[PDB]
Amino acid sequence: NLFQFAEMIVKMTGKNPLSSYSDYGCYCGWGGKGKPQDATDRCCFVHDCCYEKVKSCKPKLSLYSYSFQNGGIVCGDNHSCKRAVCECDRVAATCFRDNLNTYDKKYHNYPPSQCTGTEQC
């Protein structure tokens, strides 16, 4: 669920998800239109595509199983639907950590007029 996605974001980036990843670019949080502005925005986009591929597990409401191991996340489910939701969140959160060097506050509360075009999953 997103309480768990938020748990993974604070441990991997040191950032608060509401201040940093709820409105950034064209896809983090309130978006869903345009092209990924940078790498962080791309982590969000891949994460939205990942969720649509697992439409049937109720991604946001699904409580899954994981642990933090050695500066990383390990999804520990047997159950296919929950392991997949966990994996979407796992790679998006580590994707955010990988790209903290390019993280630019320019993209906070990004103007809607700037999200132009379509990007295909």
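When you see a residue number, it is the position in the sequence shown, counting from 1.
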| item | value |
| --- | --- |
| Stretch with the greater mean C-alpha B-factor as recorded in the entry, comparing 40-48 against 63-71 | 63-71 |
| Given 52-60 and 81-89, the range whose Cα B-factors average higher in the PDB entry | 52-60 |
| Assigned third (lowest, middle, highest) for the C-alpha B factor of residue 8 | middle |
| Residue 76 CA temperature factor, ranked by third within the chain | highest |
